[PDB]
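Spelled out from the first residue to the last, the chains are:
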Amino acid sequence: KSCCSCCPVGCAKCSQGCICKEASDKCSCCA
Ligand SMILES: [Cd+2]
Ligand SMILES: [Cd+2]
Ligand SMILES: [Cd+2]
Ligand SMILES: [Cd+2]
């Protein structure tokens, strides 16, 4: 885990702020 369970790796969109709050197995706001 880095930021979320869908972007557990300081994802870009999740650079410095888990701005991804939607993905119960997959997201479409980032990757
Ligand atoms: Cd995520
Ligand atoms: Cd993200
Ligand atoms: Cd996140
Ligand atoms: Cd996302």
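Each remark here, short or long, concerns the structure printed above.
Chemist: Would you explain the environment of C7 in this entry?
Modeler: Judged by its relative accessible area of 2%, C7 falls in the buried class. Along the backbone, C7 and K26 are 19 residues apart, and their C-alpha atoms lie at a distance of 9.4 Å. Excluding residues within four positions of it along the chain, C7 makes contact with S2, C14, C20, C27 and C30.

Chemist: Whenever I open this one, the coordination of the cadmium ion (ligand 4) confuses me. Can you help?
Modeler: The expected angle between donors at a tetrahedral four-coordinate metal is 109.5 degrees. At an octahedral six-coordinate metal it is 90 or 180 degrees. Taken together, the protein ligands of the cadmium ion (ligand 4) are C20 (SG), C27 (SG), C29 (SG) and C30 (SG), with distances of 2.5 to 2.6 Å. Note that the cadmium ion (ligand 4) binds 4 donor atoms; their angles at the metal cover 98 to 126°, and the shape is tetrahedral. Summarised as a motif, the one-chain spacing of the donors to the cadmium ion (ligand 4) is C-x6-C-x1-C-C. Between the cadmium ion (ligand 4) and the cadmium ion (ligand 1), the interatomic distance is 4.4 Å, and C20 donates to each metal, bridging them.

Conventions used here
These residue numbers run from 1 along each chain by written sequence and may not equal the entry numbers. Residues without coordinates are not shown. Each chain takes a letter, starting from A, and each ligand takes a number, starting from 1, following the order in which they are written. Remark: hydrogens and water are excluded; side-chain values derive from all non-hydrogen atoms of the structure. Residue exposure (1.4 Å probe, protein chains only): buried if accessible area is under 20% of the type maximum, exposed if over 50%, otherwise partly exposed. We call two residues in contact when some of their heavy atoms are within 4.5 Å. For Na, K and Ca the donor cut-off is 3.2 Å, while for other metals it is 2.8 Å, and in both cases only N, O and S atoms qualify; water is not among them, so sites may look incomplete. Just to be clear on the cut-offs, tetrahedral is four donors with all angles between 85 and 135 degrees, square planar is four donors and octahedral six with opposite donors over 155 degrees apart and all others between 65 and 115, and anything else goes down as irregular.

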